[PDB]
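These are the residues of each chain, in order.
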Amino acid sequence: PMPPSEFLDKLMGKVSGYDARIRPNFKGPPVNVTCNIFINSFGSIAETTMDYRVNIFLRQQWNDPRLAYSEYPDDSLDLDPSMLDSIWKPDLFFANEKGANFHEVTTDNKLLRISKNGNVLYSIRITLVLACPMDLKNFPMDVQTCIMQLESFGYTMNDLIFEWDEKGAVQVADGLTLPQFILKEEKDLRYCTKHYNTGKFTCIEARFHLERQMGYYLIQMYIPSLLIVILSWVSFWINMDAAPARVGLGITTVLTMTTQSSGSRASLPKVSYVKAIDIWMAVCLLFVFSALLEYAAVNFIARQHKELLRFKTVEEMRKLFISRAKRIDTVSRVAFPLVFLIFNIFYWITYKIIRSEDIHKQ
Amino acid sequence: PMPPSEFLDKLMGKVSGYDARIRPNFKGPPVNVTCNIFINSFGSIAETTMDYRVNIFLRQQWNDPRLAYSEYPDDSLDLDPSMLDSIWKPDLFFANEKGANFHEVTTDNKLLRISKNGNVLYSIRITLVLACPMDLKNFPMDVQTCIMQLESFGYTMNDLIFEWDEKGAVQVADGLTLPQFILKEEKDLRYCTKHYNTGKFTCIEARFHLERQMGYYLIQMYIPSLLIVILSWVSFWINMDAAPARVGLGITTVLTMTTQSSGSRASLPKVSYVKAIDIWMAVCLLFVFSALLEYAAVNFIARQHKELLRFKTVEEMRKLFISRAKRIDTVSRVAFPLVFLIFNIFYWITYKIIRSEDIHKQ
Amino acid sequence: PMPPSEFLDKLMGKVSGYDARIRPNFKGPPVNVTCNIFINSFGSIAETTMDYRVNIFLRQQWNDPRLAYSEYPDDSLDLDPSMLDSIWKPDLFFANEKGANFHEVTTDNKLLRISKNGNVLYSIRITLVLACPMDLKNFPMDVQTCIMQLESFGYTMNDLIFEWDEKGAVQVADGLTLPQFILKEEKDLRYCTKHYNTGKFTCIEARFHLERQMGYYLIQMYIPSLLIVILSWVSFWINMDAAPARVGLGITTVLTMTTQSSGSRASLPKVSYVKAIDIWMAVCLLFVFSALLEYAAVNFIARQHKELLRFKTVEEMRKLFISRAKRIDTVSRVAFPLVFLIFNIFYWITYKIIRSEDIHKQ
Amino acid sequence: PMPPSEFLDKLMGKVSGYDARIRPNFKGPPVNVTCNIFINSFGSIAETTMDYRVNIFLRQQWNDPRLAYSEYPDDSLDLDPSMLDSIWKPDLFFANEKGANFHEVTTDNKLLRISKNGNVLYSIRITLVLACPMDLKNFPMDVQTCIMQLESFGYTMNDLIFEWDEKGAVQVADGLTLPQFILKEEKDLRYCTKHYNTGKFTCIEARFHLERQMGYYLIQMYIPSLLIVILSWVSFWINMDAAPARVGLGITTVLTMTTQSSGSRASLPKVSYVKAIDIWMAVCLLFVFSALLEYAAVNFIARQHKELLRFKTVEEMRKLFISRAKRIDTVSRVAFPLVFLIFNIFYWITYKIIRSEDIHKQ
Amino acid sequence: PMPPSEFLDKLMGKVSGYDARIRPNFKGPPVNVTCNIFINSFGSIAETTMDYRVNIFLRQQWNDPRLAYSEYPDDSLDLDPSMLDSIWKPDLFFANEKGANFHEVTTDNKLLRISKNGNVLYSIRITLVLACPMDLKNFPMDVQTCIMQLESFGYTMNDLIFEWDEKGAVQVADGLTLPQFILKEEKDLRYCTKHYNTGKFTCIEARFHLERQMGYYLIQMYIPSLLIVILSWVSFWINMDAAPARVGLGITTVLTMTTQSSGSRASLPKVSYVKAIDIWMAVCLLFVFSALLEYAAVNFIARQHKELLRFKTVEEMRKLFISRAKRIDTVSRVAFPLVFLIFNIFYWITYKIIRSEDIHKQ
Ligand SMILES: *[C@@H]1O[C@H](CO)[C@@H](O[C@@H]2O[C@H](CO)[C@@H](O)[C@H](O)[C@H]2NC(C)=O)[C@H](O)[C@H]1NC(C)=O
Ligand SMILES: *[C@@H]1O[C@H](CO)[C@@H](O[C@@H]2O[C@H](CO)[C@@H](O)[C@H](O)[C@H]2NC(C)=O)[C@H](O)[C@H]1NC(C)=O
Ligand SMILES: *[C@@H]1O[C@H](CO)[C@@H](O[C@@H]2O[C@H](CO)[C@@H](O)[C@H](O)[C@H]2NC(C)=O)[C@H](O)[C@H]1NC(C)=O
Ligand SMILES: *[C@@H]1O[C@H](CO)[C@@H](O[C@@H]2O[C@H](CO)[C@@H](O)[C@H](O)[C@H]2NC(C)=O)[C@H](O)[C@H]1NC(C)=O
Ligand SMILES: *[C@@H]1O[C@H](CO)[C@@H](O[C@@H]2O[C@H](CO)[C@@H](O)[C@H](O)[C@H]2NC(C)=O)[C@H](O)[C@H]1NC(C)=O
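Here the numbering of residues is sequential along each chain, from 1 in written sequence order, and it may depart from the entry's numbering. Residues without coordinates do not appear. Labels are handed out in written order, letters beginning with A for the chains and numbers beginning with 1 for the ligands. Each side-chain value is derived from all of the structure's non-hydrogen atoms; neither hydrogens nor water enter the calculation.

For this coordinate set, the PDB header names cryo-EM as the determination method and states a resolution of 3.33 Å.

(A) Quick look at the state of the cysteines. Residues and elements named next belong to chain E. By convention in this document, the label disulfide applies to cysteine sulfur atom pairs within 2.5 Å. One pass over the structure, following the stated rule, counts zero disulfides over all chains. With no disulfide of its own, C132 has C146 as its nearest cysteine by sulfur position, at a separation of 3.8 Å. Accessible area is worked out with a 1.4 Å probe on protein chains only. A residue is then buried under 20% of its type maximum, exposed over 50%, and partly exposed in between. Take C132: its relative accessible area is 4%, and that puts it in the buried class. On the accessibility criterion, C146 (3% relative accessible area) is buried.

(B) Inspection of the site of ligand 3 at higher detail. Residue and element names in this part refer to chain C. We call a residue near a molecule or strand whenever a single non-hydrogen atom of that residue lies within 4 Å of it. Residues in close proximity to ligand 3 include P29, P30, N32 and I161, which together make up its full environment. Note that an oxygen atom of ligand 3 is positioned 3.2 Å from one of the backbone N or O atoms of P30. Here a polar contact is recorded for every N or O atom pair within 3.5 Å, except that within protein the pair must consist of a potential hydrogen donor and a potential acceptor, and residues adjacent in sequence are included only if both atoms are side-chain atoms. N32 places a side-chain nitrogen or oxygen 2.3 Å from an oxygen atom of ligand 3. Notes on ligand 3: free accessible area 580 Å², of which the protein chains cover 24%. When the residues that make up the shell around ligand 3 are grouped by side-chain class, the tally is three nonpolar, one polar and no charged. In these tables, accessible area is a Shrake-Rupley quantity obtained with a 1.4 Å probe, and a residue counts as shielded only by the protein chains included in the view. When residues are grouped by polarity, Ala, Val, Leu, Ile, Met, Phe, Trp, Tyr, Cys and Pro land in nonpolar, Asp, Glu, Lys and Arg in charged, and all others, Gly among them, in polar.

(C) Representation of the interface of chain D and chain C within the structure. Any two residues having at least one pair of non-hydrogen atoms within 4.5 Å are treated as being in contact. The interface is formed by 49 residues belonging to chain D together with 61 residues belonging to chain C. Buried area between chain D and chain C, both sides added, is near 4900 Å², and the carbon and sulfur share of it is 63%. The salt bridge criterion pairs a side-chain nitrogen of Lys or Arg with a carboxyl oxygen of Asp or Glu, the two atoms within 4 Å. Across the contact surface, chain D and chain C share one salt bridge. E97 of chain D is the salt-bridge partner of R125 of chain C, the closest N and O atoms lying 2.8 Å from each other. Applying the counting criterion to the chain D and chain C interface returns 12 residue pairs in polar contact. Residue contributions to the side of chain D that touches chain C peak at 12 residues, all from helix α5 (residues 277-310) of chain D. A 1.4 Å probe defines the accessible area here, and the buried area is the portion of it lost by two parts on being joined, summed over both. Put simply, DSSP H or I for four residues or longer makes a helix, DSSP E for two residues or longer makes a strand, and each gets a number counted from the N terminus.

(D) How the structure looks around the UniProt feature "binding site: Zn(2+)" in chain A. Residues and elements named next belong to chain A. UniProt positions are given in the numbering used here, feature names are shortened, and annotations may be inferred rather than shown by experiment. Per the UniProt annotation, the sites labelled "binding site: Zn(2+)" are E186, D188 and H209. These annotated residues cover 24 residues of sequence, and their C-alpha atoms lie no more than 9.3 Å from one another, placing them together at a single site. Here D188 shows up in the loop between β13 (181-183) and β14 (190-195). Residue classification places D188 among the buried positions, given a relative accessible area of 16%.

(E) Spatial organisation of unusual backbone geometry. For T177 of chain A, which is not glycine, the phi torsion reads 60° and is therefore positive. Residue placement: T177 of chain A occurs in the loop between β12 (170-172) and β13. Given the relative accessible area of 33%, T177 of chain A is considered partly exposed. The residue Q362 of chain E is not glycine, and still its phi comes out positive at about 55°. The topology assignment puts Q362 of chain E in the segment after α6 (313-360).

(F) Region of the structure containing the site of ligand 2. Residue and element names in this part refer to chain B. Close to ligand 2 lie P29, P30, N32 and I161. Backbone polar atom of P30 to an oxygen atom of ligand 2: 3.2 Å apart, as the coordinates give it. Contact between ligand 2 and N32: an oxygen atom at 2.3 Å from a side-chain N or O atom of the residue. Within the complex, 24% of the 580 Å² of free accessible area of ligand 2 lies under protein.

(G) How the structure looks around the packing of aromatic side chains. Planes of paired rings set the category: under 30 degrees apart is stacked, over 60 is edge-to-face and the rest tilted, where pairs are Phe, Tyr or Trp rings (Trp by its six-membered ring) whose centres lie within 6.5 Å. On inspection of all chains with the given rule, the structure shows 125 aromatic pairs over all chains. With centroids separated by 4.8 Å and ring planes inclined at 50°, the aromatic side chains of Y347 of chain A and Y351 of chain A adopt a geometry described as tilted. In this pair, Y347 of chain A and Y351 of chain A both sit in helix α6 (residues 313-360), four residues apart, roughly one turn of the helix. Site record: aromatic cluster; members linked through ring pairs are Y222, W233, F236, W280, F287, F336, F340, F343, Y347, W348 and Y351 of chain A. Placement of a positive charge over a ring is assigned whenever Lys NZ or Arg CZ falls within 6 Å of the ring centre and within 35 degrees of the normal to the ring plane. Above the face of the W237 of chain B ring, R333 of chain B is positioned so that its terminal group lies 5.0 Å from the ring centre.

(H) Broad picture of the interface of chain C and chain B. At the junction of the two partners, chain C supplies 50 residues and chain B supplies 61 residues. At the junction of chain C with chain B, the criterion picks out one salt bridge. Connecting chain C to chain B are 12 residue pairs in polar contact. Listing elements by their share of the side of chain C that touches chain B, those giving two or more residues are β5 (92-94), β6 (97-101), α4 (243-262) and α5 (277-310) of chain C. Sort the elements by how many residues they give to the side of chain C that touches chain B and α5 of chain C lands first, with 12 residues.

(I) Highlighting the pairing of strand β14 (residues 190-195) of chain C. Residues and elements named next belong to chain C. Alignment of β14 against strand β15 (residues 200-212), held across six bridges, turns out to be antiparallel. Across the sheet, residue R190 finds its bridge partner in β15, namely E205. Only strands joined by at least two bridges in the DSSP assignment are considered to pair. The hairpin formed by β14 and β15 contains four residues between the paired strands.

(J) Representation of the pattern of salt bridges within the structure. Counted according to the given criterion, the structure contains 75 salt bridges over all chains. With a shortest N-O distance of 3.2 Å, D329 of chain B and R246 of chain B are connected by a salt bridge. Just as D329 of chain B is buried, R246 of chain B falls in that class too. The network of salt bridges with common partners includes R190, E205 and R207 of chain A.

(K) Geometry of the arrangement of the chains. One finds no contact linking chain B with chain D; the least C-alpha distance across the pair is 10 Å. At the level of C-alpha atoms, the two units chain C and chain E stay apart, their nearest approach being 10 Å.

See the structure below:
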């Protein structure tokens, strides 16, 4: 029969047994809370500053022994988002966050709900930037583990405990469509206990798995580099007396490999250690290097063959140097695809096992 | 006969039946509102963080049963934009927004208008960044659907309903001139009902259609790549004994295709899956690959023809290998334009149908 | 004989006939104001988000019927920039602005001056980002019109009118030195009347003209492309039997044109429609395309000439095919500079007239 | 014997002859101030938005006729940085600044010190972005003058005067290490008098000199371009009958000059007028253009020599065309280094004098 | 038996001997503090604006002679992070910081703890951007020293002293994974005394060592440039009469060196002085320059050999010019690897000693 605004200001009023900066059931057992996270948006995964940015709906539920009506018909009251300083809220902060802020749309995006027995539901909508460290030892086949973890600030484990929800603790809205990665539905929820000098502190931690697509990285920087290795292998099927043809093919294949590598370096992320891409670019450059050194090793012999033709022993080394040159051009014609196939097997095997392993440790 | 500032402070005064944080006609039917959106500016459509940014004029109109004069000549009162906290405003927020803010020009860009019967008009001017997910499976021919949707924050469907306006709900100022897309005058306005555990929540949603121009993407990265495929086809019209001419044309056409592809990768947007552009760059590289492998398959036969001329059966395989080489150079001279025309037909058909389909589902 | 701070607080005091949120000479004729704009800095003209950023000194002058002394020696009073909320200020906002803010140097950059009769001078210093739409159909020869316009927010034309100053309304400080454009001293000042459902609203609008220099765009991407067209024309002066010389010149000229075009695409602004630069790059690529197709049309005839020399009628088509080839090499030697000169005349004429036209409409 | 906080609030108390918004010795001579600037950090010199950013320690010293103790042992009092609004401070602002802000570390970075006679020392620590216009007509050899100037806001020259300090007015902390320029120890301090309609306003102006290093710009884009001009000059020492050798050297030298120029354009700053770098790139491209046109002028004569050998007068023009060709190849072999050395002398002289001149005007 | 909030407001109450803006044990010995720094995150090391960004946990511990209970069971009290203005805090600021801010997660990230005797523990969590100057004279082998230092603001050394902690003053959380550098566990902690005109000011300074990995910089821009120098050395093993083969190898090796250098310039950081990378790119370009000038010096002699064969003295200079050419091709075949090996030894020695030296000075 009375408006609730004229009642909610008398529970936490001046003449009432309520202090705003005090724990519920003080000098007693610790008051635990139940958390829930609803991600609206996800992305801007940047490797230079090593972070990402989210929009979450953090919802907390805790019990409080006072603030009970037991004589009113309305079972749920709502507190005004201006005077949030009147109620007690548990000190929560994100451990690995860079920057965070509230939302400033036409209403203050806050919500407080007090039930009959004294249960409090507190749901906000915030956006924030979480730091995550990334390792790119195997870049176009990597998986990434991006975690979050939320602490207390000055309250011990015997004073305030955090708890994940039992059913649907972390929910993700449908249709996110990351530009680089693919998020997985693992969502494993763990615990940490911050052991300090003062005492143990509570922690809970969510953990997302991201897998990188290699579709674009296959069509571009892999198929052209493979095709130009096969194009460098064309010089094993051309006769030796056509000297500027095989030289012009060899050096231009090296030029094609360099402009293929250096033309793509602006698109790749920038780190100071080796990746999986530049090992492939190094071996692909070393093959077009070796297909020209094989030609220089052949042409030196055929040139000093012609120098001895200018000078049966005079012409026995003629047919000896011809059979020597053709046996080099045959054993290179057979050997050069085979060691590259052996390297490509050992490459794709040593990368599939390592990426598979990086998923099992979580 | 009295100034309105000395009257408007007595409607929502202390000794008056008004509470600021209470619903109109409380414990009754839900108070619906009528919304209107006027876009001033539109752009900064970024794909990396998957959002865009607007400047809107959000105008709301709702009825309120109290706050009526019925005895004053002025039919329209104006409230001061400083003390907006005195009146009740419906809690509205954008569901898929990243960040939002008001405008801070010489006056506070707010407006409140109270009519005779109690109708309230509330018009603000805000700027904000809406998240939209983009799919670029067919990049230079794509259409994009960019939506917005606006919710309540804590009020149920039986407590607060949203409604689009009947005539001219969403208006767009003239002369916007996006740098990438072209906006269409569809402006289809739909509804959503957020079904949660607590209850149904109201929603209305605007929906814009953007179509990407392919004028620049046709002149650049399509016409040069086609012309250099025709330039690679010149090597089917040159005689076989000119070996370094056709080799120097073939490898330099491959070099031209690689520097055409890798030179343009900084201008394209960055994703990890395949697009429509690099399928064309893959087939265009595979054609200049195959026009050199056809030459290596011809020159191997003409070289072992000359090797048997160094060694009628001795010269029957001479004319056999010549007719074999010329029949390969003829069937490649006829086949290579035809399968490329068949591929270009199947390409433009499989992209026109998919883009047309992406418009019908809206 | 008294300090003015102890007098200025009694004009707009509590017991005085002053209301802060009321119009001067209420229920009467509209109070007009006189505006003045002094630009300190100008630049950051960005095409991606389609805006620019200024630093202005907005100065307003209006009359007010009260607030007159008529008994004090000091003719000019100064109000403190903290308590600006005591006086009435006209609601002004920029219609096409993205974001705006004040200045927060050691003093609040505000100024209020009240004369004897009641004239008020109000001069602030603000910085703000105005949206402007740009059209780049003719990119390196374009002119741009960048306007600003300032409105009222909720006051009708019969309630508040805006007026430009008579002498020196818009002033520009000397030595601005834009990095891209050149500002002109046109400064044409117009009016708008915002016709809405509620009524007519006042507007005044400044309008700046910017002209883009083409000095860098002439030395780079025009002179090299022209010179390599003349370099492709060298292949009309070399004999036909030197086959790998003219082929190696032709394909490398095509390679030079592609690396000239794609090497410059990162420096150009990014739009989705055609510009004036890539039409020149398309015709310059089509010329080095046609100088190689002319060589393939010549070499096909001289090759089947040699094929008939392998096979007077046997040698009548010998001299017929030689006179046919030399007549093609002569008519291409004369035709290829002439149609390019005709195209370059029609190009520079169709661009000079369009740019000249874009200046006259203002 | 009393705490100073209980005394400093009674000098500027309510019942005391102090007004906060009033000039010292009102209706009298103007109160001058003494300024000092200590730069902590310097950099982010950006040419696109034409500004730079500093961190200064602005310190002011002025006299005030009241606020004297003459009966206390402590000669220096300190005011709390929260209630800075109690004291009078002179209105100072930077004329050519884009944006400015205070510092928000654990304490408010403010300082107030009141001596015995009434001298006030006011020292803050602020960071701010000053606009400077840059002219890049001679880019890799330019000097830049970057000034700052600080005004009053509404106080006339007969009301408030600014003054530089006598010894050490502008100090610079050691070890700044700009990434592009080198700062010089000139630090010339001048005056301005802002003549307006209202009256003269005071100004003082600091002025820094920055000199750009050309060490990187010499090793890269100068030495390779010079070396490839000498590489194009190799074609004057090769015999004429080796046609595809000299053609393949000539066009590839042109290709090397284009990929040297266009490969470096992303590193250069972006303006619309000419610089010193692209004049060198234009003349270096015109030399490799002229070394190929000299070859086409030679090969046309030697080809029509061979055409007349196909047709003593028949063979008198044989030796005439041979002596004509060798005299062209000799006079080009001697002329081409000499006019390039004359151009390189006139180039380095016309740039050294202009850069030297740009230092003397300051 | 009483709640601590009703006691903590009476220690620093109005009727109590506490002033907030006064030093503990005033007119006495200086109150020293003990500091501690815990870095959570580290990175965004940018060279253009010459700074980096951290997230620290600054913890201070000082004694205060008042504020003692000596009659309560709870030994540790906690102050509310809203009313931090009631207590005295020492004025601390970072000397070389660009910008700083607090954290605005659901609770104010502050902590105050008052022990029995009067010891105060004050622990905050802040993020801030420290300026550091970098020198890149030896870029891919450099070490960097990045310091921080924290001052007082207006308090003398005889009024406030800073002190590092004895055990674990600066701690670093595990698993940081910088994208460019590698942090070392040196953490040397020094002192500074700011000698000014007013007096000595206290300072303590932390100092981090960062070492740059050269793994990526070895695979890319070093191995390809070395391999193409060995590819340019192939032209010393090809006979002289194959003129367009060795010319086409030489100029294309120069083209490969230029597109290798200019293709990588976008990935390197931008400075105006020389580095270690472009000295290697200059010598690697000068080697492929000299391997073509050696060929022009050989081919000039063999061409004028053929010119004298067109004209025993007539043929004595034939064998003289042949033995002269082969002795040049032999002494270049032996000399060109040796002086490059001597240069590569003097290069790696002069860079290892300088980098080693830059570690010892700290
Ligand atoms: C949750 O909070 C409760 C107190 O509200 C913690 O204390 C438990 O209280 C129950 C009920 O009296 C006892 O049965 C348990 O023995 C108490 N716990 C301990 C450790 O003594 C409780 O620990 C908190 N955590 C959980 C997971 O329930
Ligand atoms: C709009 O608000 C009204 C109440 O102001 C809602 O209730 C309707 O009230 C009318 C008038 O009494 C009745 O005729 C309807 O039956 C009521 N609606 C229902 C669902 O019972 C109304 O629902 C709201 N919405 C619309 C679209 O009118
Ligand atoms: C400027 O404001 C005046 C009122 O202060 C407007 O009204 C004019 O008042 C004058 C003086 O009485 C009359 O002569 C005019 O007829 C009034 N105008 C109209 C339209 O009736 C005036 O309109 C405003 N504008 C201008 C340009 O003066
Ligand atoms: C500095 O301020 C003084 C007043 O405090 C200005 O006035 C001068 O006062 C002295 C002392 O009475 C006279 O000798 C001068 O003649 C006054 N100046 C003038 C222009 O009349 C003074 O002008 C200010 N400036 C300087 C540089 O001293
Ligand atoms: C730390 O603060 C103390 C005062 O609290 C400083 O003064 C010292 O006080 C002790 C105890 O009375 C004396 O033994 C010393 O002689 C005092 N120091 C001096 C310089 O006179 C003390 O200097 C501060 N610093 C350190 C390092 O202790």
